[PDB]
Amino acid sequence: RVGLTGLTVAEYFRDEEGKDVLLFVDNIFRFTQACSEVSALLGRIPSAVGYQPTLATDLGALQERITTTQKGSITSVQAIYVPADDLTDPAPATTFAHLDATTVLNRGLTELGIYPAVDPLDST
Amino acid sequence: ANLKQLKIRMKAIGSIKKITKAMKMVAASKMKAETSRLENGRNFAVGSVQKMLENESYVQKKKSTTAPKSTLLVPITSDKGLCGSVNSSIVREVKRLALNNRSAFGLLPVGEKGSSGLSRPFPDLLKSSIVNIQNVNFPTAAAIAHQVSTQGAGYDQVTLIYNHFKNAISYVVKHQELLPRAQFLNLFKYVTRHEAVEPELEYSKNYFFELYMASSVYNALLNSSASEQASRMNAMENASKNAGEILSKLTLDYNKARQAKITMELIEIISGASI
Amino acid sequence: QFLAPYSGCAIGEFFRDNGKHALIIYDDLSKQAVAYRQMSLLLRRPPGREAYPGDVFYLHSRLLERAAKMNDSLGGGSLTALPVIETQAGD
Amino acid sequence: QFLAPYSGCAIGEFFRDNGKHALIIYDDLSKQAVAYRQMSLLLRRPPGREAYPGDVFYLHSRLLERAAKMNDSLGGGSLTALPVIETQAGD
């Protein structure tokens, strides 16, 4: 819920202040992971690869509360960690369904002396 | 789906792509030398004997113009395998021209793959071949020209089938037509426009025949050798490409099998914990 | 999420039974399977392959089986369906 | 299906203990495990890996271990077993 905490702080500025907010969130993998851990402890049967059955709902809440309204907007720049380098994993798969753009940081560019880490081709 | 087996087969494709990618580097390195050697040896005394013979007007007047009924084919192929599709093309063309009419060609092959591939289709026709050439050089090509001279007395014409290295990525099969010693000597003795007195005509006729034969042979080897490395490099590029595509496809299936494995084992643990 | 597809389908049958023509479009149904998978797992039901319930087939079939072309005697109405499915790796 | 293998095995022990030689051929045992698994699952017993009971190894071991070559003191009889196993995809 720490991720939702920052969201609540941002929603205050969105509605009351009416100004645009930029919500930075650590890699969503640990967010989805915590939801799976709490679910297992509570006694819920895990999902296919161990996630919680409420993955879509638990994740949909956060992904839906972040949008543009008539008062303001909350742009969220969150990192994405793919476990085991499996793009078909439920966590990144369900996340990509909501992501509108992707910022891929490349390590090679830094070595050449160019230090915007963003990759022009990989980014979409 | 037995992740252990999939991960092993993925490892095999990785090594194949690795060695396949490495041979491509060597294919380019050797192609560089062949191109450097070809550019330095190309057009060496080519058409010289043909030009002067054409300049010999009196010769053309008495030139015996007939169609050779029996010819000798000497295809040129590479000995090392996995060199590309150049060998398949040469053995394919000679096979067509030979299968059509039999007993009218000696078919003395050159190269392991050229001779091996034509051994089964044309038995009793090809009797000897040259293979395991350490290096390409005029002294060696001359020895090859001599062997063809010995076997060319029985046939009315001689021709060589080989790949023409026109571009680093374009190799077109090209075939030269050379007349035997007997026809060349009888044709050469009529030479009168170009004086030959320092060596007498009886000697110059035989010596210039070698130059006429070795020049074509030496030129063909370079073109074929350059096409070998060129075709090999392209083959490894296409092979390494296919190796990578298949390896990536199996990676997806490996991940899919990994998820199913966790699901299967996880359901078993929940089933036992339920009771 | 599990009920929304059936609710819309019933709206389409209205035009179907009254001789009218309707075209109902169903967004990606994998969301429904996840939603139904959620309820199923929470109900302590035994999950099958890929953690999907054994009756996941009947879930989608019973829905799409109601979209058809009624005869002319009943009104000649129809109900076209365009179900969508999302493939992870195009498999 | 669970007792048929042991049933036929008992018939072989007759020739074995009587100094005779008998050959018993057990057909696919995977089908026995399904029946033994089914019989165990329906008894509300805790299932093991792959839904099979925990003592499935003891099942076949107890059955095949009986086949032996008796000593001359008991008649010199022998029982030979040729169990069959069907694989799904050669795994």
# chains A, B, ... in the order shown; residues from 1 in each chain; ligands from 1
$ select_by_dssp --residues "chain A" --states "helix (DSSP H, G or I)" --output "PyMOL selection string"
chain A and resi 2-17+28-41+55-65+83-85+90-96+108-111
$ interface_residues --of "chain D" --to "chain B" --cutoff "12 Å" --atoms "only C-alpha atoms" --output "list in words"
residues 41, 43, 44, 45, 46, 47, 48, 49, 50, 51, 52, 53, 54, 88, 89, 90 and 91 of chain D
$ write_last_selection --atoms "N, CA and C atoms" --output "CSV table (one decimal), in the first residue's frame"
chain,number,residue,atom,x,y,z
D,41,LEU,N,-7.8,-41.4,-3.9
D,41,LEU,CA,-8.4,-40.0,-3.9
D,41,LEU,C,-9.8,-40.1,-3.3
D,43,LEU,N,-11.1,-42.1,-1.3
D,43,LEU,CA,-11.1,-42.3,0.1
D,43,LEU,C,-10.7,-41.1,1.0
D,44,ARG,N,-10.6,-39.9,0.3
D,44,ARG,CA,-10.3,-38.7,1.0
D,44,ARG,C,-8.9,-38.7,1.7
D,45,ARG,N,-8.0,-39.4,1.0
D,45,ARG,CA,-6.6,-39.4,1.5
D,45,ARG,C,-5.8,-38.3,0.9
D,46,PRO,N,-4.8,-37.8,1.7
D,46,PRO,CA,-4.0,-36.7,1.1
D,46,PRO,C,-3.2,-37.1,-0.1
D,47,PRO,N,-3.3,-36.4,-1.2
D,47,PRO,CA,-2.6,-36.8,-2.4
D,47,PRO,C,-1.1,-36.3,-2.4
D,48,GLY,N,-0.3,-37.0,-3.2
D,48,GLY,CA,1.1,-36.7,-3.3
D,48,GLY,C,1.4,-36.0,-4.6
D,49,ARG,N,2.7,-36.0,-5.0
D,49,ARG,CA,3.1,-35.4,-6.2
D,49,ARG,C,2.4,-36.0,-7.4
D,50,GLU,N,2.0,-35.2,-8.3
D,50,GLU,CA,1.2,-35.7,-9.5
D,50,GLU,C,-0.1,-36.3,-9.2
D,51,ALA,N,-0.6,-35.9,-8.0
D,51,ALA,CA,-1.9,-36.4,-7.5
D,51,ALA,C,-1.9,-37.9,-7.1
D,52,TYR,N,-0.8,-38.6,-7.2
D,52,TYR,CA,-0.7,-40.0,-6.8
D,52,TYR,C,-0.4,-40.1,-5.3
D,53,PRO,N,-0.8,-41.2,-4.7
D,53,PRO,CA,-0.6,-41.4,-3.3
D,53,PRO,C,0.9,-41.5,-3.0
D,54,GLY,N,1.2,-41.3,-1.7
D,54,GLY,CA,2.6,-41.2,-1.3
D,54,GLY,C,3.3,-42.6,-1.4
D,88,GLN,N,4.1,-41.2,-22.4
D,88,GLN,CA,3.2,-40.3,-23.1
D,88,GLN,C,3.9,-39.8,-24.4
D,89,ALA,N,5.1,-39.2,-24.3
D,89,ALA,CA,5.9,-38.7,-25.4
D,89,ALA,C,7.3,-39.1,-25.3
D,90,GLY,N,7.6,-40.4,-24.9
D,90,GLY,CA,8.9,-40.9,-24.7
D,90,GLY,C,9.7,-40.3,-23.6
D,91,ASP,N,9.0,-39.6,-22.6
D,91,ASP,CA,9.7,-39.0,-21.5
D,91,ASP,C,9.8,-40.0,-20.4
$ calpha_fit_and_write --fixed "chain D" --moving "chain C" --output "compact mmCIF listing (two decimals) with C-alpha atoms, in the first residue's frame"
# COMPACT_ATOMS: atom_id res chain seq x y z
CA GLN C 1 -7.78 -53.12 -11.76
CA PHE C 2 -5.79 -52.66 -8.54
CA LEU C 3 -6.24 -56.28 -7.44
CA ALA C 4 -5.84 -58.06 -10.79
CA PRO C 5 -2.01 -57.77 -10.82
CA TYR C 6 -1.70 -59.28 -7.34
CA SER C 7 -4.19 -62.04 -8.18
CA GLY C 8 -2.14 -63.14 -11.18
CA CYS C 9 1.13 -62.92 -9.25
CA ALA C 10 -0.23 -65.37 -6.68
CA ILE C 11 -1.01 -67.79 -9.52
CA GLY C 12 2.62 -67.55 -10.60
CA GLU C 13 3.99 -68.19 -7.11
CA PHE C 14 2.17 -71.54 -7.20
CA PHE C 15 4.49 -72.82 -9.93
CA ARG C 16 7.40 -71.08 -8.18
CA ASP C 17 6.88 -72.79 -4.82
CA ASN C 18 6.32 -76.20 -6.47
CA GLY C 19 9.68 -76.16 -8.26
CA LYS C 20 7.99 -75.23 -11.54
CA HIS C 21 8.78 -72.22 -13.73
CA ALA C 22 6.24 -69.51 -14.54
CA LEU C 23 6.39 -66.32 -16.61
CA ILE C 24 3.82 -63.73 -15.52
CA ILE C 25 3.33 -60.71 -17.79
CA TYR C 26 1.83 -57.50 -16.41
CA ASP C 27 0.22 -55.18 -18.95
CA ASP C 28 0.80 -51.42 -18.64
CA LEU C 29 0.88 -50.72 -14.91
CA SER C 30 0.04 -47.03 -15.32
CA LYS C 31 -3.57 -48.24 -15.45
CA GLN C 32 -3.09 -49.66 -11.96
CA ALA C 33 -1.65 -46.38 -10.67
CA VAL C 34 -4.65 -44.53 -12.10
CA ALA C 35 -6.96 -47.14 -10.57
CA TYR C 36 -5.17 -46.87 -7.22
CA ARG C 37 -5.03 -43.09 -7.59
CA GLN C 38 -8.81 -43.18 -8.05
CA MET C 39 -9.37 -45.10 -4.81
CA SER C 40 -6.82 -42.92 -3.00
CA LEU C 41 -8.37 -39.61 -4.08
CA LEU C 42 -11.86 -40.93 -3.31
CA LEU C 43 -10.58 -41.86 0.16
CA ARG C 44 -9.69 -38.17 0.76
CA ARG C 45 -6.01 -39.06 1.09
CA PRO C 46 -3.43 -36.29 0.57
CA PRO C 47 -2.08 -36.51 -2.99
CA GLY C 48 1.59 -36.01 -3.74
CA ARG C 49 3.45 -34.96 -6.86
CA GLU C 50 1.51 -35.69 -10.06
CA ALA C 51 -1.53 -36.51 -7.87
CA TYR C 52 -0.11 -39.94 -7.08
CA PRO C 53 -0.23 -41.27 -3.49
CA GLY C 54 2.98 -41.36 -1.51
CA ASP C 55 2.75 -45.15 -1.20
CA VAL C 56 2.47 -45.72 -4.96
CA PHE C 57 6.05 -47.02 -4.79
CA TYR C 58 5.20 -49.66 -2.19
CA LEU C 59 2.17 -50.56 -4.33
CA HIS C 60 4.30 -51.72 -7.27
CA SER C 61 7.32 -52.85 -5.24
CA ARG C 62 5.42 -55.26 -2.98
CA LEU C 63 4.11 -56.87 -6.17
CA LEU C 64 7.36 -57.15 -8.14
CA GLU C 65 9.34 -58.06 -5.01
CA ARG C 66 7.51 -61.41 -4.86
CA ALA C 67 8.85 -62.42 -8.29
CA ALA C 68 12.27 -63.99 -7.74
CA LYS C 69 14.29 -67.20 -8.13
CA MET C 70 13.86 -69.65 -5.26
CA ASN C 71 16.81 -71.81 -4.28
CA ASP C 72 17.15 -75.47 -5.24
CA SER C 73 16.37 -76.76 -1.74
CA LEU C 74 12.90 -75.19 -1.89
CA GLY C 75 12.26 -76.61 -5.38
CA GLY C 76 14.33 -74.39 -7.65
CA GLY C 77 11.21 -72.78 -9.10
CA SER C 78 11.17 -69.25 -10.46
CA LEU C 79 8.74 -66.49 -11.38
CA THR C 80 9.71 -64.13 -14.21
CA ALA C 81 8.00 -60.74 -14.46
CA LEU C 82 7.65 -58.42 -17.46
CA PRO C 83 6.01 -55.22 -16.18
CA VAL C 84 4.94 -52.71 -18.82
CA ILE C 85 4.78 -48.92 -18.53
CA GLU C 86 3.28 -46.36 -20.92
CA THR C 87 5.16 -43.08 -21.37
CA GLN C 88 3.12 -40.09 -22.55
CA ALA C 89 5.82 -38.16 -24.43
CA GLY C 90 8.65 -40.68 -24.15
CA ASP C 91 10.08 -38.82 -21.15
$ interface_residues --of "chain A" --to "chain C" --cutoff "7 Å" --atoms "only C-alpha atoms" --output "NGL selection string"
:A and (44-45 or 47-48 or 53-54 or 88)
$ residues_around --residues "stretch 204-214 of chain B" --least-positions-apart "4" --cutoff "8 Å" --atoms "only C-alpha atoms" --output "short mmCIF file (atom, residue, chain, number, x, y, z; two decimals) with N, CA, C and O atoms, in the first residue's frame"
data_model
loop_
_atom_site.label_atom_id
_atom_site.label_comp_id
_atom_site.auth_asym_id
_atom_site.auth_seq_id
_atom_site.Cartn_x
_atom_site.Cartn_y
_atom_site.Cartn_z
N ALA B 45 47.52 -12.47 -68.83
CA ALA B 45 47.75 -13.13 -70.11
C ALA B 45 46.49 -13.80 -70.64
O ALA B 45 46.55 -14.77 -71.40
N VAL B 46 45.32 -13.29 -70.24
CA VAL B 46 44.06 -13.84 -70.72
C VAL B 46 43.73 -13.21 -72.07
O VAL B 46 43.87 -11.99 -72.25
N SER B 48 45.42 -13.22 -74.61
CA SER B 48 46.62 -12.86 -75.37
C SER B 48 46.78 -13.76 -76.59
O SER B 48 46.82 -13.29 -77.73
N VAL B 49 46.88 -15.07 -76.35
CA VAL B 49 46.97 -16.02 -77.46
C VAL B 49 45.74 -15.92 -78.34
O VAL B 49 45.82 -16.09 -79.57
N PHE B 138 50.37 -20.13 -60.07
CA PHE B 138 50.53 -20.47 -61.48
C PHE B 138 51.32 -21.76 -61.68
O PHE B 138 50.91 -22.57 -62.53
N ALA B 141 48.76 -24.43 -61.15
CA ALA B 141 47.76 -24.41 -62.21
C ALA B 141 48.34 -24.95 -63.51
O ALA B 141 47.60 -25.53 -64.32
N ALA B 142 49.64 -24.76 -63.74
CA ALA B 142 50.27 -25.32 -64.93
C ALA B 142 50.26 -26.84 -64.89
O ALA B 142 49.99 -27.49 -65.91
N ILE B 144 48.08 -28.63 -63.48
CA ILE B 144 46.71 -29.00 -63.81
C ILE B 144 46.48 -28.89 -65.31
O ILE B 144 45.83 -29.75 -65.92
N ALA B 145 47.01 -27.84 -65.94
CA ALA B 145 46.87 -27.70 -67.39
C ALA B 145 47.51 -28.87 -68.12
O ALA B 145 47.02 -29.29 -69.17
N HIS B 146 48.61 -29.41 -67.58
CA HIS B 146 49.27 -30.54 -68.21
C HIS B 146 48.39 -31.79 -68.14
O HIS B 146 48.20 -32.49 -69.14
N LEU B 178 38.18 -24.21 -74.36
CA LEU B 178 39.56 -24.29 -74.80
C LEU B 178 39.73 -25.48 -75.74
O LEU B 178 39.25 -26.58 -75.44
N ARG B 181 45.39 -29.73 -77.50
CA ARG B 181 46.72 -29.50 -78.05
C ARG B 181 46.75 -29.74 -79.55
O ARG B 181 47.26 -28.91 -80.31
N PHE B 184 45.26 -27.04 -81.46
CA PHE B 184 45.99 -25.79 -81.29
C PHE B 184 47.29 -25.80 -82.09
O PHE B 184 47.63 -24.80 -82.73
N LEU B 185 48.02 -26.91 -82.06
CA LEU B 185 49.28 -26.98 -82.80
C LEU B 185 49.03 -26.83 -84.30
O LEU B 185 49.68 -26.02 -84.97
N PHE B 188 48.19 -23.37 -84.83
CA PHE B 188 49.25 -22.41 -84.54
C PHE B 188 50.34 -22.41 -85.60
O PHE B 188 50.97 -21.37 -85.83
N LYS B 189 50.59 -23.55 -86.24
CA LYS B 189 51.67 -23.63 -87.22
C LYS B 189 51.44 -22.70 -88.41
O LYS B 189 52.39 -22.36 -89.11
N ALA B 196 58.38 -15.77 -85.27
CA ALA B 196 58.89 -16.58 -84.16
C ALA B 196 60.17 -17.24 -84.66
O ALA B 196 60.13 -18.32 -85.25
N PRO B 199 62.98 -18.49 -80.50
CA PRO B 199 62.69 -19.92 -80.48
C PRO B 199 61.97 -20.34 -81.75
O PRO B 199 61.08 -19.65 -82.25
N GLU B 200 62.37 -21.48 -82.29
CA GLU B 200 61.78 -21.92 -83.55
C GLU B 200 60.32 -22.32 -83.33
O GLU B 200 59.90 -22.69 -82.23
N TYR B 218 44.47 -21.04 -64.32
CA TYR B 218 44.86 -20.22 -63.17
C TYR B 218 43.81 -19.16 -62.87
O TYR B 218 43.54 -18.85 -61.71
#
$ closest_atom_pairs --of "chain A" --to "chain B" --cutoff "12 Å" --atoms "only C-alpha atoms" --output "CSV"
residue,atom,partner,partner_atom,distance
A:40,CA,B:270,CA,11.2
A:43,CA,B:274,CA,10.7
A:44,CA,B:270,CA,10.3
A:45,CA,B:270,CA,7.4
A:46,CA,B:266,CA,8.2
A:47,CA,B:263,CA,7.9
A:48,CA,B:263,CA,4.7
A:49,CA,B:263,CA,5.6
A:50,CA,B:266,CA,7.5
A:51,CA,B:263,CA,10.6
A:83,CA,B:255,CA,10.9
A:84,CA,B:255,CA,8.6
A:85,CA,B:255,CA,8.7
A:86,CA,B:255,CA,6.3
A:87,CA,B:255,CA,8.9
A:88,CA,B:256,CA,7.7
A:89,CA,B:259,CA,8.0
A:90,CA,B:259,CA,9.8
$ atom_distance --atom1 "atom CA of residue B:79" --atom2 "atom CA of residue B:93"
18.0 Å
